[PDB]
There are 2 protein chains.
Amino acid sequence: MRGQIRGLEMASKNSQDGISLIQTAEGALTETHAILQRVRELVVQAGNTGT
Amino acid sequence: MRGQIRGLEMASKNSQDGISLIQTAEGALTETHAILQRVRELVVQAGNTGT
């Protein structure tokens, strides 16, 4: 019992920390995304400016 | 969504600037036109002056 219980608590802890990891990753991807949006803007403008 | 939206705004911007271009062009053509009218006048006069 106490084995499964203690390791369970550590498993939920582990889980919340895994969450935090992927939140960091996805925040980096939020700014990645922001830049790519900006690139798209610059390509639209680029397409008009091509002539 | 935000992709299409931002690029849309830039597309309307692009459009107004294309308008401004063709307005410049057509203003040059307005003065072009003015001169050609003047030439026509000079040809009419030329036709009388031919004799």
# chains A, B, ... in the order shown; residues from 1 in each chain; ligands from 1
$ interface_residues --of "chain A" --to "chain B" --cutoff "9 Å" --atoms "only C-alpha atoms" --output "PDB file with N, CA, C and O atoms, in the first residue's frame"
ATOM      1  N   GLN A  37       3.717  34.696 -37.708  1.00  0.00           N
ATOM      2  CA  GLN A  37       2.664  35.604 -38.135  1.00  0.00           C
ATOM      3  C   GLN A  37       3.268  36.860 -38.725  1.00  0.00           C
ATOM      4  O   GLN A  37       2.858  37.325 -39.798  1.00  0.00           O
ATOM      5  N   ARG A  38       4.273  37.402 -38.044  1.00  0.00           N
ATOM      6  CA  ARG A  38       4.915  38.613 -38.530  1.00  0.00           C
ATOM      7  C   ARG A  38       5.571  38.367 -39.879  1.00  0.00           C
ATOM      8  O   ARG A  38       5.511  39.216 -40.777  1.00  0.00           O
ATOM      9  N   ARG A  40       4.579  36.227 -42.091  1.00  0.00           N
ATOM     10  CA  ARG A  40       3.492  36.194 -43.054  1.00  0.00           C
ATOM     11  C   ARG A  40       3.113  37.598 -43.479  1.00  0.00           C
ATOM     12  O   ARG A  40       2.971  37.867 -44.673  1.00  0.00           O
ATOM     13  N   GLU A  41       2.979  38.510 -42.512  1.00  0.00           N
ATOM     14  CA  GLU A  41       2.729  39.909 -42.843  1.00  0.00           C
ATOM     15  C   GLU A  41       3.774  40.426 -43.817  1.00  0.00           C
ATOM     16  O   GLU A  41       3.453  41.054 -44.835  1.00  0.00           O
ATOM     17  N   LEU A  42       5.034  40.122 -43.536  1.00  0.00           N
ATOM     18  CA  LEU A  42       6.109  40.649 -44.355  1.00  0.00           C
ATOM     19  C   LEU A  42       6.111  40.022 -45.734  1.00  0.00           C
ATOM     20  O   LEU A  42       6.612  40.617 -46.689  1.00  0.00           O
ATOM     21  N   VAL A  43       5.569  38.819 -45.856  1.00  0.00           N
ATOM     22  CA  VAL A  43       5.484  38.186 -47.160  1.00  0.00           C
ATOM     23  C   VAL A  43       4.348  38.807 -47.947  1.00  0.00           C
ATOM     24  O   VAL A  43       4.456  39.015 -49.152  1.00  0.00           O
ATOM     25  N   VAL A  44       3.242  39.117 -47.275  1.00  0.00           N
ATOM     26  CA  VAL A  44       2.125  39.779 -47.946  1.00  0.00           C
ATOM     27  C   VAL A  44       2.600  41.109 -48.513  1.00  0.00           C
ATOM     28  O   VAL A  44       2.462  41.402 -49.718  1.00  0.00           O
ATOM     29  N   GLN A  45       3.208  41.914 -47.644  1.00  0.00           N
ATOM     30  CA  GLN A  45       3.788  43.173 -48.082  1.00  0.00           C
ATOM     31  C   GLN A  45       4.815  42.940 -49.170  1.00  0.00           C
ATOM     32  O   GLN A  45       4.840  43.658 -50.170  1.00  0.00           O
ATOM     33  N   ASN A  48       3.149  42.515 -52.536  1.00  0.00           N
ATOM     34  CA  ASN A  48       2.774  43.758 -53.202  1.00  0.00           C
ATOM     35  C   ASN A  48       4.008  44.483 -53.715  1.00  0.00           C
ATOM     36  O   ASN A  48       4.031  44.977 -54.848  1.00  0.00           O
ATOM     37  N   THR A  49       5.051  44.551 -52.887  1.00  0.00           N
ATOM     38  CA  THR A  49       6.245  45.308 -53.238  1.00  0.00           C
ATOM     39  C   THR A  49       7.009  44.687 -54.394  1.00  0.00           C
ATOM     40  O   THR A  49       7.864  45.357 -54.983  1.00  0.00           O
TER      41      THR A  49
END
$ atom_distance --atom1 "CA of residue 20 in chain A" --atom2 "CA of residue 35 in chain A"
22.8 Å
$ atom_distance --atom1 "CA of residue 30 in chain B" --atom2 "CA of residue 47 in chain B"
25.6 Å
$ atom_distance --atom1 "CA of residue 21 in chain B" --atom2 "CA of residue 50 in chain A"
13.7 Å
